[PDB]
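S.K.: Next up, protein_24.cif (mmCIF, C-alpha atoms).
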```
data_run
loop_
_atom_site.group_PDB
_atom_site.id
_atom_site.type_symbol
_atom_site.label_atom_id
_atom_site.label_comp_id
_atom_site.auth_asym_id
_atom_site.auth_seq_id
_atom_site.Cartn_x
_atom_site.Cartn_y
_atom_site.Cartn_z
ATOM 1 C CA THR A 1 0.000 0.000 0.000
ATOM 2 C CA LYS A 2 0.957 3.676 0.197
ATOM 3 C CA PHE A 3 2.331 5.705 3.128
ATOM 4 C CA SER A 4 0.199 8.150 5.101
ATOM 5 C CA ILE A 5 1.537 10.806 7.462
ATOM 6 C CA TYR A 6 -1.499 10.552 9.732
ATOM 7 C CA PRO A 7 -1.131 8.433 12.876
ATOM 8 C CA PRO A 8 -2.944 5.082 12.886
ATOM 9 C CA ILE A 9 -6.146 5.506 14.880
ATOM 10 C CA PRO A 10 -6.280 2.835 17.624
ATOM 11 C CA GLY A 11 -9.813 1.548 17.073
ATOM 12 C CA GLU A 12 -9.614 0.760 13.376
ATOM 13 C CA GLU A 13 -7.388 -2.254 12.785
ATOM 14 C CA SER A 14 -4.243 -1.699 10.714
ATOM 15 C CA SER A 15 -1.176 -3.679 9.674
ATOM 16 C CA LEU A 16 1.506 -1.215 10.820
ATOM 17 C CA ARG A 17 3.612 -3.070 13.389
ATOM 18 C CA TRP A 18 6.981 -2.290 14.967
ATOM 19 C CA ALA A 19 8.660 -5.346 16.487
ATOM 20 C CA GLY A 20 5.204 -6.883 16.694
ATOM 21 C CA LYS A 21 3.748 -3.922 18.599
ATOM 22 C CA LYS A 22 0.871 -1.608 17.780
ATOM 23 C CA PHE A 23 1.249 2.163 17.643
ATOM 24 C CA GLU A 24 -0.497 2.443 21.017
ATOM 25 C CA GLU A 25 1.973 0.135 22.771
ATOM 26 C CA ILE A 26 5.124 1.980 21.664
ATOM 27 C CA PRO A 27 6.778 3.989 24.470
ATOM 28 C CA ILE A 28 6.722 7.774 24.373
ATOM 29 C CA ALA A 29 9.624 10.228 24.578
ATOM 30 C CA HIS A 30 8.361 13.484 26.083
ATOM 31 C CA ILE A 31 10.707 16.346 25.171
ATOM 32 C CA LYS A 32 10.251 19.735 26.846
ATOM 33 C CA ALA A 33 12.283 22.233 24.824
ATOM 34 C CA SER A 34 12.423 25.277 27.079
ATOM 35 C CA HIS A 35 14.341 28.502 26.468
ATOM 36 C CA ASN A 36 17.080 27.784 29.012
ATOM 37 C CA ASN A 37 16.798 24.000 29.441
ATOM 38 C CA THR A 38 15.608 20.806 27.778
ATOM 39 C CA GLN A 39 14.084 17.980 29.828
ATOM 40 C CA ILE A 40 13.540 14.511 28.365
ATOM 41 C CA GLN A 41 11.468 11.738 29.927
ATOM 42 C CA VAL A 42 10.797 8.358 28.341
ATOM 43 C CA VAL A 43 7.648 6.542 29.455
ATOM 44 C CA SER A 44 5.799 3.435 28.380
ATOM 45 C CA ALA A 45 2.304 3.246 26.925
ATOM 46 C CA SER A 46 0.989 2.587 30.450
ATOM 47 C CA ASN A 47 2.616 5.752 31.841
ATOM 48 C CA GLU A 48 5.551 4.053 33.553
ATOM 49 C CA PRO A 49 8.729 6.177 33.811
ATOM 50 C CA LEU A 50 11.654 4.461 32.102
ATOM 51 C CA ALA A 51 14.268 7.209 31.761
ATOM 52 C CA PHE A 52 14.768 10.876 32.572
ATOM 53 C CA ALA A 53 17.536 13.183 31.397
ATOM 54 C CA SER A 54 18.106 16.912 31.124
ATOM 55 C CA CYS A 55 20.898 19.354 30.409
ATOM 56 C CA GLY A 56 21.182 20.074 34.120
ATOM 57 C CA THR A 57 21.586 16.396 34.966
ATOM 58 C CA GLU A 58 24.384 16.078 32.386
ATOM 59 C CA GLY A 59 26.610 18.649 34.071
ATOM 60 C CA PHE A 60 25.644 21.836 32.244
ATOM 61 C CA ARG A 61 25.094 25.142 33.996
ATOM 62 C CA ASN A 62 23.210 28.347 33.306
ATOM 63 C CA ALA A 63 23.607 29.365 29.658
ATOM 64 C CA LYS A 64 25.145 26.076 28.541
ATOM 65 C CA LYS A 65 21.801 24.348 29.096
ATOM 66 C CA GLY A 66 20.059 26.438 26.442
ATOM 67 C CA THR A 67 22.174 25.073 23.612
ATOM 68 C CA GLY A 68 21.795 22.334 21.038
ATOM 69 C CA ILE A 69 24.830 20.419 22.266
ATOM 70 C CA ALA A 70 23.390 20.003 25.764
ATOM 71 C CA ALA A 71 20.028 18.821 24.450
ATOM 72 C CA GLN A 72 21.728 16.235 22.253
ATOM 73 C CA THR A 73 23.785 15.031 25.211
ATOM 74 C CA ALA A 74 20.619 14.589 27.275
ATOM 75 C CA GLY A 75 19.020 12.626 24.458
ATOM 76 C CA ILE A 76 21.963 10.239 24.332
ATOM 77 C CA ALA A 77 21.744 9.838 28.114
ATOM 78 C CA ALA A 78 18.022 9.059 28.006
ATOM 79 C CA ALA A 79 18.465 6.694 25.058
ATOM 80 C CA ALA A 80 21.003 4.692 27.076
ATOM 81 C CA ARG A 81 18.822 4.146 30.145
ATOM 82 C CA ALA A 82 15.785 3.138 28.092
ATOM 83 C CA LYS A 83 17.754 0.884 25.741
ATOM 84 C CA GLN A 84 18.647 -1.256 28.761
ATOM 85 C CA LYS A 85 14.930 -1.740 29.467
ATOM 86 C CA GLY A 86 14.072 -2.999 25.985
ATOM 87 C CA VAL A 87 13.211 0.244 24.176
ATOM 88 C CA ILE A 88 13.873 0.590 20.447
ATOM 89 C CA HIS A 89 10.903 2.423 18.916
ATOM 90 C CA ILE A 90 9.509 5.587 20.484
ATOM 91 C CA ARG A 91 6.869 8.229 19.874
ATOM 92 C CA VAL A 92 8.266 11.725 20.322
ATOM 93 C CA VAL A 93 6.007 14.356 21.890
ATOM 94 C CA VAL A 94 7.956 17.602 21.750
ATOM 95 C CA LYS A 95 6.692 20.491 23.879
ATOM 96 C CA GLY A 96 8.222 23.918 23.295
ATOM 97 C CA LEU A 97 10.117 25.973 20.727
ATOM 98 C CA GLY A 98 13.471 25.880 22.465
ATOM 99 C CA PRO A 99 16.934 25.336 21.047
ATOM 100 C CA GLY A 100 16.988 21.675 22.043
ATOM 101 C CA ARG A 101 13.758 20.876 20.257
ATOM 102 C CA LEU A 102 15.349 19.035 17.326
ATOM 103 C CA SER A 103 18.797 18.475 18.840
ATOM 104 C CA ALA A 104 17.358 16.198 21.519
ATOM 105 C CA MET A 105 15.666 14.197 18.781
ATOM 106 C CA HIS A 106 19.039 13.659 17.115
ATOM 107 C CA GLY A 107 20.562 12.535 20.401
ATOM 108 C CA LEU A 108 17.854 9.915 20.770
ATOM 109 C CA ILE A 109 18.820 8.589 17.339
ATOM 110 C CA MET A 110 22.472 8.542 18.452
ATOM 111 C CA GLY A 111 21.506 6.237 21.319
ATOM 112 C CA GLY A 112 19.906 3.400 19.381
ATOM 113 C CA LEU A 113 16.267 4.536 19.408
ATOM 114 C CA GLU A 114 14.160 4.639 16.240
ATOM 115 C CA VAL A 115 11.597 7.430 15.927
ATOM 116 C CA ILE A 116 8.317 6.427 14.285
ATOM 117 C CA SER A 117 6.374 9.660 14.872
ATOM 118 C CA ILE A 118 6.793 13.276 15.944
ATOM 119 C CA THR A 119 3.991 14.835 17.989
ATOM 120 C CA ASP A 120 3.829 18.520 18.934
ATOM 121 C CA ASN A 121 2.058 19.335 22.204
ATOM 122 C CA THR A 122 3.145 22.898 22.793
ATOM 123 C CA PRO A 123 0.733 24.626 25.210
ATOM 124 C CA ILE A 124 -1.312 27.167 23.265
ATOM 125 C CA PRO A 125 -4.135 28.900 25.160
ATOM 126 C CA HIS A 126 -7.373 30.107 23.632
ATOM 127 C CA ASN A 127 -6.729 33.226 25.579
ATOM 128 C CA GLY A 128 -6.377 32.194 29.211
ATOM 129 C CA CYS A 129 -3.662 33.675 31.422
ATOM 130 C CA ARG A 130 -1.855 36.953 30.784
ATOM 131 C CA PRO A 131 1.887 36.720 30.040
ATOM 132 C CA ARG A 132 4.548 38.902 31.572
ATOM 133 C CA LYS A 133 4.958 42.397 30.177
ATOM 134 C CA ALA A 134 7.244 42.992 27.230
ATOM 135 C CA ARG A 135 10.809 43.902 28.117
ATOM 136 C CA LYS A 136 12.939 46.822 26.973
ATOM 137 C CA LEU A 137 15.984 44.667 26.182
ATOM 138 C CA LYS B 1 29.713 30.151 43.272
ATOM 139 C CA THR B 2 29.241 26.391 42.961
ATOM 140 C CA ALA B 3 26.567 23.805 43.700
ATOM 141 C CA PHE B 4 26.594 20.196 44.892
ATOM 142 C CA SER B 5 25.471 18.779 41.554
ATOM 143 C CA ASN B 6 26.813 16.036 39.318
ATOM 144 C CA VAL B 7 29.620 16.994 36.952
ATOM 145 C CA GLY B 8 28.416 14.613 34.242
ATOM 146 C CA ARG B 9 30.309 12.224 32.010
ATOM 147 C CA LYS B 10 32.703 14.933 30.750
ATOM 148 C CA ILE B 11 35.805 15.222 32.934
ATOM 149 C CA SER B 12 38.360 17.930 32.178
ATOM 150 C CA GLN B 13 41.320 16.384 34.022
ATOM 151 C CA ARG B 14 42.762 12.980 33.160
ATOM 152 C CA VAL B 15 43.631 11.898 36.722
ATOM 153 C CA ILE B 16 41.073 12.033 39.544
ATOM 154 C CA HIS B 17 41.238 10.941 43.182
ATOM 155 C CA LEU B 18 37.967 9.033 43.066
ATOM 156 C CA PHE B 19 35.945 8.344 46.214
ATOM 157 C CA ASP B 20 33.354 5.646 46.827
ATOM 158 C CA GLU B 21 29.709 6.334 47.615
ATOM 159 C CA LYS B 22 30.187 4.865 51.105
ATOM 160 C CA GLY B 23 33.239 7.067 51.724
ATOM 161 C CA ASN B 24 35.867 4.488 50.779
ATOM 162 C CA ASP B 25 38.957 5.863 49.029
ATOM 163 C CA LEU B 26 39.120 4.110 45.663
ATOM 164 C CA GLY B 27 42.361 5.890 44.779
ATOM 165 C CA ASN B 28 43.623 7.785 41.762
ATOM 166 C CA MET B 29 42.491 6.292 38.454
ATOM 167 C CA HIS B 30 42.397 7.227 34.788
ATOM 168 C CA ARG B 31 39.576 9.434 33.538
ATOM 169 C CA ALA B 32 38.151 6.659 31.352
ATOM 170 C CA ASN B 33 38.019 4.223 34.276
ATOM 171 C CA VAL B 34 35.886 6.687 36.248
ATOM 172 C CA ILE B 35 32.988 6.505 33.787
ATOM 173 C CA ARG B 36 32.966 2.697 33.850
ATOM 174 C CA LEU B 37 32.023 2.816 37.534
ATOM 175 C CA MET B 38 29.268 5.348 36.805
ATOM 176 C CA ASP B 39 27.532 2.805 34.552
ATOM 177 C CA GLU B 40 28.315 -0.386 36.472
ATOM 178 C CA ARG B 41 26.450 1.004 39.501
ATOM 179 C CA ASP B 42 24.444 3.853 37.894
ATOM 180 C CA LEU B 43 25.972 6.608 40.004
ATOM 181 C CA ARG B 44 26.849 10.271 39.521
ATOM 182 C CA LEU B 45 30.153 11.891 40.518
ATOM 183 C CA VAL B 46 30.291 15.211 42.387
ATOM 184 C CA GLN B 47 33.415 17.282 43.046
ATOM 185 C CA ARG B 48 33.690 17.422 46.830
ATOM 186 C CA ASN B 49 36.912 19.460 47.188
ATOM 187 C CA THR B 50 38.227 21.620 44.353
ATOM 188 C CA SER B 51 40.944 23.317 46.414
ATOM 189 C CA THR B 52 43.243 20.290 46.638
ATOM 190 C CA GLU B 53 45.732 20.091 43.785
ATOM 191 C CA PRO B 54 44.881 16.417 43.091
ATOM 192 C CA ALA B 55 41.368 16.241 41.701
ATOM 193 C CA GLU B 56 38.858 14.860 44.198
ATOM 194 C CA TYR B 57 35.507 13.487 43.037
ATOM 195 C CA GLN B 58 32.982 11.366 44.926
ATOM 196 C CA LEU B 59 30.406 9.138 43.234
ATOM 197 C CA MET B 60 27.019 9.020 44.964
ATOM 198 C CA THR B 61 23.374 8.367 44.175
ATOM 199 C CA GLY B 62 20.971 11.117 43.187
ATOM 200 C CA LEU B 63 19.213 10.885 46.543
ATOM 201 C CA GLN B 64 22.566 11.438 48.260
ATOM 202 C CA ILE B 65 23.097 14.607 46.217
ATOM 203 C CA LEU B 66 19.741 15.926 47.442
ATOM 204 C CA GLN B 67 20.423 15.343 51.135
ATOM 205 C CA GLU B 68 23.806 17.071 50.892
ATOM 206 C CA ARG B 69 22.648 20.431 49.542
ATOM 207 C CA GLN B 70 19.524 20.130 51.685
ATOM 208 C CA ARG B 71 21.990 20.455 54.576
ATOM 209 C CA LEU B 72 23.960 23.301 52.996
ATOM 210 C CA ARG B 73 20.586 25.057 52.785
ATOM 211 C CA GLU B 74 20.225 24.842 56.584
ATOM 212 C CA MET B 75 23.814 25.431 57.719
ATOM 213 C CA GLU B 76 23.858 28.730 55.830
ATOM 214 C CA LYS B 77 20.414 29.621 57.171
ATOM 215 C CA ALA B 78 21.508 28.669 60.688
ATOM 216 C CA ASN B 79 24.942 30.339 60.412
ATOM 217 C CA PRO B 80 25.128 32.564 57.320
ATOM 218 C CA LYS B 81 28.600 33.998 56.694
ATOM 219 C CA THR B 82 28.436 36.514 53.826
ATOM 220 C CA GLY B 83 31.126 39.109 54.466
ATOM 221 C CA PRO B 84 32.014 40.665 51.092
ATOM 222 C CA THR B 85 32.213 44.452 51.238
ATOM 223 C CA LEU B 86 31.075 46.565 48.312
ATOM 224 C CA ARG B 87 33.092 49.639 47.372
ATOM 225 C CA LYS B 88 31.286 52.827 46.382
ATOM 226 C CA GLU B 89 32.837 55.773 44.588
ATOM 227 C CA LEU B 90 32.067 59.474 44.367
ATOM 228 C CA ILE B 91 33.935 62.121 42.384
ATOM 229 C CA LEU B 92 33.195 65.626 43.643
ATOM 230 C CA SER B 93 34.361 69.064 42.585
ATOM 231 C CA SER B 94 35.770 71.748 44.863
ATOM 232 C CA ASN B 95 33.004 74.123 43.737
ATOM 233 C CA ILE B 96 30.183 71.621 44.295
ATOM 234 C CA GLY B 97 27.038 73.391 45.415
ATOM 235 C CA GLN B 98 25.821 72.780 48.941
ATOM 236 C CA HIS B 99 22.489 71.425 47.692
ATOM 237 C CA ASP B 100 24.333 68.796 45.665
ATOM 238 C CA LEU B 101 26.620 68.146 48.643
ATOM 239 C CA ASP B 102 23.667 67.463 50.941
ATOM 240 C CA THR B 103 22.223 65.095 48.350
ATOM 241 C CA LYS B 104 25.538 63.280 47.978
ATOM 242 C CA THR B 105 26.097 63.389 51.739
ATOM 243 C CA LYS B 106 22.776 61.612 52.293
ATOM 244 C CA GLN B 107 23.771 58.929 49.793
ATOM 245 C CA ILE B 108 26.922 58.191 51.791
ATOM 246 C CA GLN B 109 24.764 57.637 54.875
ATOM 247 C CA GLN B 110 22.772 54.928 53.106
ATOM 248 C CA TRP B 111 25.952 53.148 52.030
ATOM 249 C CA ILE B 112 27.690 53.450 55.412
ATOM 250 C CA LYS B 113 24.450 52.158 56.902
ATOM 251 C CA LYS B 114 24.795 49.117 54.613
ATOM 252 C CA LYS B 115 28.352 48.438 55.843
ATOM 253 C CA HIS B 116 29.782 49.522 52.485
ATOM 254 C CA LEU B 117 33.092 51.262 51.802
ATOM 255 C CA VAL B 118 32.764 54.739 50.303
ATOM 256 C CA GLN B 119 35.708 56.005 48.270
ATOM 257 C CA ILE B 120 35.371 59.777 47.893
ATOM 258 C CA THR B 121 37.464 61.711 45.388
ATOM 259 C CA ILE B 122 37.651 65.491 45.035
ATOM 260 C CA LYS B 123 38.935 67.298 41.953
ATOM 261 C CA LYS B 124 39.749 70.889 41.102
ATOM 262 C CA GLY B 125 36.655 72.784 40.055
ATOM 263 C CA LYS B 126 36.199 73.854 36.462
ATOM 264 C CA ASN B 127 38.771 76.604 35.847
ATOM 265 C CA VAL B 128 39.026 77.261 39.590
ATOM 266 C CA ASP B 129 42.277 77.784 41.499
ATOM 267 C CA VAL B 130 42.269 76.170 44.948
ATOM 268 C CA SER B 131 44.758 74.544 47.311
ATOM 269 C CA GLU B 132 44.477 71.426 49.484
ATOM 270 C CA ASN B 133 43.532 73.384 52.620
ATOM 271 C CA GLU B 134 39.844 73.902 51.802
ATOM 272 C CA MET B 135 39.815 71.040 49.287
ATOM 273 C CA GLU B 136 40.403 68.620 52.179
ATOM 274 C CA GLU B 137 37.852 70.461 54.342
ATOM 275 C CA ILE B 138 34.988 68.774 52.494
ATOM 276 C CA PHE B 139 35.809 65.338 53.917
ATOM 277 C CA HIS B 140 35.718 66.686 57.470
ATOM 278 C CA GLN B 141 32.512 68.473 56.486
ATOM 279 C CA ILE B 142 30.983 65.210 55.243
ATOM 280 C CA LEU B 143 32.241 63.089 58.133
ATOM 281 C CA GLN B 144 30.791 65.543 60.648
ATOM 282 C CA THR B 145 27.296 64.630 59.447
ATOM 283 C CA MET B 146 28.099 61.049 60.475
ATOM 284 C CA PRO B 147 29.864 61.562 63.827
ATOM 285 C CA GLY B 148 29.662 58.123 65.399
ATOM 286 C CA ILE B 149 28.381 56.156 62.415
ATOM 287 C CA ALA B 150 31.403 56.732 60.172
ATOM 288 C CA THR B 151 35.178 57.016 60.416
ATOM 289 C CA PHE B 152 38.086 57.209 58.000
ATOM 290 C CA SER B 153 39.646 54.010 56.685
ATOM 291 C CA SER B 154 42.229 55.760 54.513
ATOM 292 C CA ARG B 155 43.183 59.432 54.602
ATOM 293 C CA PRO B 156 43.473 62.155 51.948
ATOM 294 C CA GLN B 157 46.322 61.690 49.477
ATOM 295 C CA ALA B 158 47.587 63.392 46.318
ATOM 296 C CA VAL B 159 46.455 60.726 43.864
ATOM 297 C CA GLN B 160 47.139 62.784 40.719
ATOM 298 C CA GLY B 161 49.971 65.176 41.511
ATOM 299 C CA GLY B 162 47.795 67.005 44.030
ATOM 300 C CA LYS B 163 44.975 67.991 41.672
ATOM 301 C CA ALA B 164 42.854 65.336 43.413
ATOM 302 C CA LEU B 165 42.277 64.051 46.947
ATOM 303 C CA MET B 166 41.032 60.545 47.756
ATOM 304 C CA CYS B 167 39.625 59.172 51.005
ATOM 305 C CA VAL B 168 37.796 56.008 52.017
ATOM 306 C CA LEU B 169 35.118 55.777 54.704
ATOM 307 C CA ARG B 170 33.711 52.830 56.622
ATOM 308 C CA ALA B 171 30.964 52.107 59.100
ATOM 309 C CA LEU B 172 32.259 52.405 62.643
ATOM 310 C CA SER B 173 33.202 49.042 64.105
ATOM 311 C CA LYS B 174 31.181 47.702 67.036
ATOM 312 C CA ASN B 175 34.047 48.064 69.511
ATOM 313 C CA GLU B 176 34.935 51.543 68.242
ATOM 314 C CA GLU B 177 31.260 52.496 68.508
ATOM 315 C CA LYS B 178 31.084 51.464 72.167
ATOM 316 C CA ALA B 179 34.210 53.533 72.812
ATOM 317 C CA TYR B 180 32.586 56.578 71.208
ATOM 318 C CA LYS B 181 29.422 56.061 73.265
ATOM 319 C CA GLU B 182 31.376 55.876 76.525
ATOM 320 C CA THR B 183 33.205 59.115 75.721
ATOM 321 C CA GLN B 184 29.982 60.937 74.837
ATOM 322 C CA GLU B 185 28.380 60.266 78.227
ATOM 323 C CA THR B 186 31.311 61.605 80.260
ATOM 324 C CA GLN B 187 31.321 65.018 78.580
ATOM 325 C CA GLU B 188 27.712 65.869 79.506
ATOM 326 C CA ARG B 189 26.600 63.575 82.337
ATOM 327 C CA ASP B 190 29.734 63.865 84.481
ATOM 328 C CA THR B 191 29.866 67.654 84.061
#
```
Let me see the file written as structure tokens.
M.R.:
Amino acid sequence: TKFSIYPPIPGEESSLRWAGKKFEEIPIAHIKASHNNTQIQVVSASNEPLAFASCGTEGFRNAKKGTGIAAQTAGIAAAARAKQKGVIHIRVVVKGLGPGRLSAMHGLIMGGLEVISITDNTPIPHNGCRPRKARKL
Amino acid sequence: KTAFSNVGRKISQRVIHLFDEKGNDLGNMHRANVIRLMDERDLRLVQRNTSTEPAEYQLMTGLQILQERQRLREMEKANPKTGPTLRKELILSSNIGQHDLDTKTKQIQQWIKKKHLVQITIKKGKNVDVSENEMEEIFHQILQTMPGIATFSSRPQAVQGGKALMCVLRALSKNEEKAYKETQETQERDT
């Protein structure tokens, strides 16, 4: 058949399998690309924490955490703790427009994990709370 | 400014005096051999003592790194020891108006009150001829406003071939203060 970019809905039965697992069963890699940090947490389909890594936990400080090299390092460190638990395929759910938004995804690929999907879950309000005032710098 | 946090898997120095999680002295080992023990037991290394010339690093669990700084958060609260002294500077002119001298003399009282060091410099007024007799009479005129609170640390000197005078003030020390107090009472009460 062809190849669709839309995720396979759980209910309807499909033939897309990864190591004999359905899309729902694949573990999830939650990436939080902030402006000054990048936190990564790998969980299973049943919301069981498997691995956690961040630029701060890798020995970076202050303005070194808001770089693409620190996000990649945290991806390699989270792809090494989850690869010991039997993780190969993951579903990325990136949250934020930070520097380590795509660099952490590369680090996960440099750790032995195969990405099957990229989900964006950046918090967007339909006006809710008022942000801080603009700055003069 | 440091924090009791893990250094990571990137070590700058080849040779480290590694320490066990339980406090055992593993002994100096190559940089590569340090990371092998971080994976074998899933532990993070923290630099305990930077000052020593031989590098000292201790490998401990994440929970152990939380209890440590949780105690440095209480010891400093219980017995805080922040003693750095800020240095403030003022550059006056011989012909400075009194109104500006009362505004700048009230600023020195806020600094002195904050245990700061106030370096005051006086320069020859714009196309004004003046000696060091009345040019040094502004310090005594400023110090008089703070009789007991302030005292000289340094004394007027010819910093720039005499065209300028520099002095430094400080908040009166506790002991000195008590001495001043004692003297004040005798002059009026004993009389």
S.K.: Quick one: contact table of chain B to chain A, 9 Å max, nearest atom pair and distance in Å to one decimal per residue, counting only C-alpha atoms, chain and number order, as JSON lines?
M.R.:
```
{"residue": "B:5", "atom": "CA", "partner": "A:59", "partner_atom": "CA", "distance": 7.6}
{"residue": "B:6", "atom": "CA", "partner": "A:59", "partner_atom": "CA", "distance": 5.9}
{"residue": "B:7", "atom": "CA", "partner": "A:59", "partner_atom": "CA", "distance": 4.5}
{"residue": "B:8", "atom": "CA", "partner": "A:59", "partner_atom": "CA", "distance": 4.4}
{"residue": "B:9", "atom": "CA", "partner": "A:58", "partner_atom": "CA", "distance": 7.1}
{"residue": "B:10", "atom": "CA", "partner": "A:59", "partner_atom": "CA", "distance": 7.9}
```
S.K.: Could you jot down the CA of residue 105 (chain A) to CA of residue 118 (chain A) separation for me, Å, one decimal place?
M.R.: 9.4 Å
S.K.: Applied to this file, what does the PyMOL selection byres ((chain A and resi 24-37) around 8) return in terms of residues, put as a PyMOL selection string?
M.R.: chain A and resi 10+21-23+38-45+54-56+62-63+65-67+71+87+89-101+104
S.K.: Considering all atoms listed in the file, return as a ChimeraX atom specification whatever protein or nucleic-acid residues lie within 12 Å of region 76-92 of chain B, sequence-local ones (same chain, fewer than 5 positions apart) excluded.
M.R.: /B:69-71,97-98,100-101,103-105,107-112,114-126,135-136,138-139,142,164-171
S.K.: Go ahead and write the selection's residues with C-alpha atoms as a PDB file, in the frame of the given file.
M.R.:
```
ATOM      1  CA  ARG B  69      22.648  20.431  49.542  1.00  0.00           C
ATOM      2  CA  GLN B  70      19.524  20.130  51.685  1.00  0.00           C
ATOM      3  CA  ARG B  71      21.990  20.455  54.576  1.00  0.00           C
ATOM      4  CA  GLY B  97      27.038  73.391  45.415  1.00  0.00           C
ATOM      5  CA  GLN B  98      25.821  72.780  48.941  1.00  0.00           C
ATOM      6  CA  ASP B 100      24.333  68.796  45.665  1.00  0.00           C
ATOM      7  CA  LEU B 101      26.620  68.146  48.643  1.00  0.00           C
ATOM      8  CA  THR B 103      22.223  65.095  48.350  1.00  0.00           C
ATOM      9  CA  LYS B 104      25.538  63.280  47.978  1.00  0.00           C
ATOM     10  CA  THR B 105      26.097  63.389  51.739  1.00  0.00           C
ATOM     11  CA  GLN B 107      23.771  58.929  49.793  1.00  0.00           C
ATOM     12  CA  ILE B 108      26.922  58.191  51.791  1.00  0.00           C
ATOM     13  CA  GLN B 109      24.764  57.637  54.875  1.00  0.00           C
ATOM     14  CA  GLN B 110      22.772  54.928  53.106  1.00  0.00           C
ATOM     15  CA  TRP B 111      25.952  53.148  52.030  1.00  0.00           C
ATOM     16  CA  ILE B 112      27.690  53.450  55.412  1.00  0.00           C
ATOM     17  CA  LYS B 114      24.795  49.117  54.613  1.00  0.00           C
ATOM     18  CA  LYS B 115      28.352  48.438  55.843  1.00  0.00           C
ATOM     19  CA  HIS B 116      29.782  49.522  52.485  1.00  0.00           C
ATOM     20  CA  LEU B 117      33.092  51.262  51.802  1.00  0.00           C
ATOM     21  CA  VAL B 118      32.764  54.739  50.303  1.00  0.00           C
ATOM     22  CA  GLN B 119      35.708  56.005  48.270  1.00  0.00           C
ATOM     23  CA  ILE B 120      35.371  59.777  47.893  1.00  0.00           C
ATOM     24  CA  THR B 121      37.464  61.711  45.388  1.00  0.00           C
ATOM     25  CA  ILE B 122      37.651  65.491  45.035  1.00  0.00           C
ATOM     26  CA  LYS B 123      38.935  67.298  41.953  1.00  0.00           C
ATOM     27  CA  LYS B 124      39.749  70.889  41.102  1.00  0.00           C
ATOM     28  CA  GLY B 125      36.655  72.784  40.055  1.00  0.00           C
ATOM     29  CA  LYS B 126      36.199  73.854  36.462  1.00  0.00           C
ATOM     30  CA  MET B 135      39.815  71.040  49.287  1.00  0.00           C
ATOM     31  CA  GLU B 136      40.403  68.620  52.179  1.00  0.00           C
ATOM     32  CA  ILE B 138      34.988  68.774  52.494  1.00  0.00           C
ATOM     33  CA  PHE B 139      35.809  65.338  53.917  1.00  0.00           C
ATOM     34  CA  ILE B 142      30.983  65.210  55.243  1.00  0.00           C
ATOM     35  CA  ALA B 164      42.854  65.336  43.413  1.00  0.00           C
ATOM     36  CA  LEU B 165      42.277  64.051  46.947  1.00  0.00           C
ATOM     37  CA  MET B 166      41.032  60.545  47.756  1.00  0.00           C
ATOM     38  CA  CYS B 167      39.625  59.172  51.005  1.00  0.00           C
ATOM     39  CA  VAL B 168      37.796  56.008  52.017  1.00  0.00           C
ATOM     40  CA  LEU B 169      35.118  55.777  54.704  1.00  0.00           C
ATOM     41  CA  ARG B 170      33.711  52.830  56.622  1.00  0.00           C
ATOM     42  CA  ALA B 171      30.964  52.107  59.100  1.00  0.00           C
TER      43      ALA B 171
END
```
S.K.: In Å, with one decimal, what is the gap from CA of residue 17 (chain A) to CA of residue 4 (chain A)?
M.R.: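 Between these atoms lies a distance of 14.4 Å.
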S.K.: Would you write out, as an MDAnalysis selection string, every residue that the PyMOL selection byres ((chain B and resi 31) around 7) captures in this file?
M.R.: chainID B and resid 11 14:16 29:30 32:34
S.K.: May I ask which of the residues A:116, A:125, A:46, A:131 is the closest one to residue 88 (chain A), counting all atoms listed in the file?
M.R.: A:116
S.K.: Need to verify the contact set: residue 174 (chain B), 12 Å, only C-alpha atoms, exclusion of same-chain residues closer than 6 positions in sequence. Can you return it as a list in words?
M.R.: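 Counting only C-alpha atoms, the residues come to residues 115, 148, 149, 150, 180 and 181 of chain B.
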S.K.: Missing atoms in region 7-14 of chain B: can you complete it with N, CA and C atoms, as an mmCIF file, keeping the file's coordinate frame?
M.R.:
```
data_model
loop_
_atom_site.group_PDB
_atom_site.id
_atom_site.type_symbol
_atom_site.label_atom_id
_atom_site.label_comp_id
_atom_site.auth_asym_id
_atom_site.auth_seq_id
_atom_site.Cartn_x
_atom_site.Cartn_y
_atom_site.Cartn_z
ATOM 1 N N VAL B 7 28.804 16.374 37.986
ATOM 2 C CA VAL B 7 29.620 16.994 36.952
ATOM 3 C C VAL B 7 29.308 16.436 35.572
ATOM 4 N N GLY B 8 28.719 15.254 35.502
ATOM 5 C CA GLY B 8 28.416 14.613 34.242
ATOM 6 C C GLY B 8 29.486 13.623 33.836
ATOM 7 N N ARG B 9 29.388 13.196 32.579
ATOM 8 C CA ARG B 9 30.309 12.224 32.010
ATOM 9 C C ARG B 9 31.427 12.885 31.215
ATOM 10 N N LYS B 10 31.630 14.186 31.401
ATOM 11 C CA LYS B 10 32.703 14.933 30.750
ATOM 12 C C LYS B 10 33.630 15.459 31.837
ATOM 13 N N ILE B 11 34.803 14.850 31.946
ATOM 14 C CA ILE B 11 35.805 15.222 32.934
ATOM 15 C C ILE B 11 36.932 15.966 32.231
ATOM 16 N N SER B 12 37.297 17.127 32.776
ATOM 17 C CA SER B 12 38.360 17.930 32.178
ATOM 18 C C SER B 12 39.736 17.319 32.415
ATOM 19 N N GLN B 13 39.996 16.841 33.628
ATOM 20 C CA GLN B 13 41.320 16.384 34.022
ATOM 21 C C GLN B 13 41.430 14.866 33.941
ATOM 22 N N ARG B 14 42.568 14.403 33.418
ATOM 23 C CA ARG B 14 42.762 12.980 33.160
ATOM 24 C C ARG B 14 42.779 12.156 34.442
#
```
